[PDB]
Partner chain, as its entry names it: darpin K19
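One chain comes next, on its own, written as structure tokens: the form solved without its partner chain.
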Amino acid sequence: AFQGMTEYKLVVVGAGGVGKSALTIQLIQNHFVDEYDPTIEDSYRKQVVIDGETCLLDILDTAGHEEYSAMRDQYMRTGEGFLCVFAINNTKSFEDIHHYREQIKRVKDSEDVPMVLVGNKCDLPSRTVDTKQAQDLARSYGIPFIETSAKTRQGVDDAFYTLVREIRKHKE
């Protein structure tokens, strides 16, 4: 017997200042946060319909640099899917992606963890990471790549919905 909607536990990771919170707040509140208030840990929920199925997204917005690795391991174990976010004007955030990805694979003991690579701030003019390089990296991981802007809303729904679709594929 159906006891209520399917729930998906999504975790947003990536370097400090890439726009993890801004992405999440744009999804939840349709609001662009212009201030940079560094996150410790925040949890959000939203019910959405994706491919005809109603679901409850439970979204954990994480800190760029996480002071306890015990707390990091805990959300990595609990998370069913991960948005790995870099900023397209910050080369270092892009180079950091491989470390977030390795950390997640180690904790989950798997090569095939649902993830989406997200290149955020695509509205800004000062691009330093080429779309082709990000696509190549994503292809090497076997995951989707989506360019986003928390400010214009480009790709924001798509990033979260795509991650849910990755989780569903992995669940069969």
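Numbering follows the first chain given and starts at 1.
For the pair 108-116 and 54-62, the mean B factor over Cα atoms is greater in 108-116.
Per the PDB record, of the two stretches 92-100 and 77-85, 92-100 carries the greater mean B-factor over its C-alpha atoms.
Each of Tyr44, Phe145, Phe32, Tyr36 has a CA temperature factor in the record; the biggest one is found at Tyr36. The entry lists a Cα temperature factor for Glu172 that places it in the highest third of the chain's modelled residues.
When all modelled residues of the chain are sorted by CA temperature factor, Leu137 is found within the middle third. Ranked by C-alpha B-factor against the other modelled residues of its chain, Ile40 falls in the highest third. Among the modelled residues of its chain, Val129 has a C-alpha B-factor that falls in the highest third according to the deposited record. Per the PDB record, residue ranking by Cα B-factor puts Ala70 in the highest third of the chain.
We do not show the form solved in complex with its partner chain, though everything after this point is about it.
Contacts between 97-135 and its partner chain, taken as any heavy atom within 4.5 Å in the deposited bound form, involve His98, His99, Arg101, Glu102, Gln103, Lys105, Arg106, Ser110, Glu111, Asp112, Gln133.
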